[PDB]
Amino acid sequence: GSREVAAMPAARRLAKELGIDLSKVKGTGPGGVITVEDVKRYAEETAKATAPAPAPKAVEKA
């Protein structure tokens with residue numbers, strides 16, 4: 001709807017999914033619009049893993 005600033009289509013999606021406020025994201029797109037990079041960046045910086053510490057890399061153990 002009629003929100004503030006400008007956001008990217010994919011960005012707004014991740015905002016609705018992750019519950020991110022694009023109105024507070026750093027706009028770095030068309031004219032100064034928040035892009036998915038900004039959303040994914042802010043969302044991860046605001047709340048990416050506030051509980052799960054163990055984060056493996058190689059897939060060997062089951």
# chains A, B, ... in the order shown; residues from 1 in each chain; ligands from 1
call {"tool": "residues_around", "arguments": {"residues": "stretch 22-33 of chain A", "least_positions_apart": "2", "cutoff": "6 Å", "atoms": "only C-alpha atoms", "output": "ChimeraX atom specification"}}
result
/A:4,6-7
call {"tool": "residues_around", "arguments": {"residues": "residue A:8", "least_positions_apart": "6", "cutoff": "7 Å", "atoms": "only C-alpha atoms", "output": "JSON, numbers by chain"}}
result
{"A": [33, 34, 35, 36]}
call {"tool": "write_last_selection", "arguments": {"atoms": "N, CA and C atoms", "output": "compact mmCIF listing (two decimals), in the first residue's frame"}}
result
# COMPACT_ATOMS: atom_id res chain seq x y z
N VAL A 33 16.09 3.48 -3.27
CA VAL A 33 15.16 2.46 -2.82
C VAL A 33 15.88 1.27 -2.19
N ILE A 34 15.27 0.69 -1.16
CA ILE A 34 15.86 -0.45 -0.47
C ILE A 34 15.78 -1.69 -1.35
N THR A 35 16.92 -2.35 -1.53
CA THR A 35 16.98 -3.55 -2.34
C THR A 35 17.05 -4.80 -1.46
N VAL A 36 16.86 -5.97 -2.07
CA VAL A 36 16.90 -7.22 -1.33
C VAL A 36 18.21 -7.36 -0.56
call {"tool": "select_by_dssp", "arguments": {"residues": "chain A", "states": "alpha helix (DSSP H)", "output": "mmCIF file with N, CA and C atoms, in the first residue's frame"}}
result
data_model
loop_
_atom_site.group_PDB
_atom_site.id
_atom_site.type_symbol
_atom_site.label_atom_id
_atom_site.label_comp_id
_atom_site.auth_asym_id
_atom_site.auth_seq_id
_atom_site.Cartn_x
_atom_site.Cartn_y
_atom_site.Cartn_z
ATOM 1 N N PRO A 9 10.704 -5.106 -5.149
ATOM 2 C CA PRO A 9 9.668 -6.138 -5.074
ATOM 3 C C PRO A 9 10.081 -7.318 -4.200
ATOM 4 N N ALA A 10 11.255 -7.877 -4.477
ATOM 5 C CA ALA A 10 11.761 -9.006 -3.707
ATOM 6 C C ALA A 10 12.010 -8.600 -2.259
ATOM 7 N N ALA A 11 12.442 -7.358 -2.072
ATOM 8 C CA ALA A 11 12.711 -6.837 -0.739
ATOM 9 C C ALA A 11 11.448 -6.859 0.116
ATOM 10 N N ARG A 12 10.376 -6.269 -0.409
ATOM 11 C CA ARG A 12 9.105 -6.226 0.304
ATOM 12 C C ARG A 12 8.647 -7.634 0.672
ATOM 13 N N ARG A 13 8.960 -8.594 -0.194
ATOM 14 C CA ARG A 13 8.586 -9.982 0.036
ATOM 15 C C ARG A 13 9.277 -10.521 1.280
ATOM 16 N N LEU A 14 10.596 -10.382 1.323
ATOM 17 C CA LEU A 14 11.370 -10.849 2.463
ATOM 18 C C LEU A 14 10.975 -10.099 3.727
ATOM 19 N N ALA A 15 10.461 -8.888 3.556
ATOM 20 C CA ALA A 15 10.035 -8.081 4.688
ATOM 21 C C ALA A 15 8.733 -8.622 5.263
ATOM 22 N N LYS A 16 7.862 -9.095 4.379
ATOM 23 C CA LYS A 16 6.584 -9.658 4.791
ATOM 24 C C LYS A 16 6.781 -11.057 5.359
ATOM 25 N N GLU A 17 7.811 -11.737 4.866
ATOM 26 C CA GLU A 17 8.122 -13.087 5.303
ATOM 27 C C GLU A 17 8.914 -13.075 6.604
ATOM 28 N N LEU A 18 9.963 -12.263 6.637
ATOM 29 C CA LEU A 18 10.814 -12.161 7.816
ATOM 30 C C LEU A 18 10.287 -11.121 8.806
ATOM 31 N N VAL A 36 16.860 -5.966 -2.073
ATOM 32 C CA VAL A 36 16.901 -7.224 -1.332
ATOM 33 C C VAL A 36 18.206 -7.357 -0.564
ATOM 34 N N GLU A 37 19.272 -6.791 -1.111
ATOM 35 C CA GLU A 37 20.568 -6.834 -0.452
ATOM 36 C C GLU A 37 20.486 -6.086 0.872
ATOM 37 N N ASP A 38 19.762 -4.971 0.856
ATOM 38 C CA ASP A 38 19.579 -4.157 2.050
ATOM 39 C C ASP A 38 18.692 -4.883 3.057
ATOM 40 N N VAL A 39 17.604 -5.475 2.567
ATOM 41 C CA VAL A 39 16.685 -6.209 3.428
ATOM 42 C C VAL A 39 17.388 -7.408 4.048
ATOM 43 N N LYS A 40 17.969 -8.244 3.200
ATOM 44 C CA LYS A 40 18.680 -9.429 3.665
ATOM 45 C C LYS A 40 19.801 -9.044 4.629
ATOM 46 N N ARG A 41 20.420 -7.894 4.381
ATOM 47 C CA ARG A 41 21.510 -7.412 5.225
ATOM 48 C C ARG A 41 20.995 -6.921 6.573
ATOM 49 N N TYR A 42 19.972 -6.076 6.541
ATOM 50 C CA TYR A 42 19.394 -5.529 7.760
ATOM 51 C C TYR A 42 18.730 -6.630 8.587
ATOM 52 N N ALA A 43 17.920 -7.449 7.924
ATOM 53 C CA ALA A 43 17.220 -8.542 8.588
ATOM 54 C C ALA A 43 18.194 -9.477 9.296
ATOM 55 N N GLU A 44 19.306 -9.778 8.637
ATOM 56 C CA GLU A 44 20.310 -10.662 9.216
ATOM 57 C C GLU A 44 21.052 -9.957 10.346
ATOM 58 N N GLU A 45 21.220 -8.650 10.200
ATOM 59 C CA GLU A 45 21.910 -7.851 11.202
ATOM 60 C C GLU A 45 21.001 -7.567 12.394
ATOM 61 N N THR A 46 19.690 -7.612 12.163
ATOM 62 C CA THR A 46 18.723 -7.363 13.225
ATOM 63 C C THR A 46 18.369 -8.662 13.947
ATOM 64 N N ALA A 47 18.263 -9.745 13.184
ATOM 65 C CA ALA A 47 17.933 -11.049 13.748
ATOM 66 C C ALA A 47 18.159 -12.164 12.731
#
call {"tool": "closest_residue", "arguments": {"among": "A:48, A:54, A:62, A:3", "to": "residue A:21", "atoms": "only C-alpha atoms"}}
result
A:3
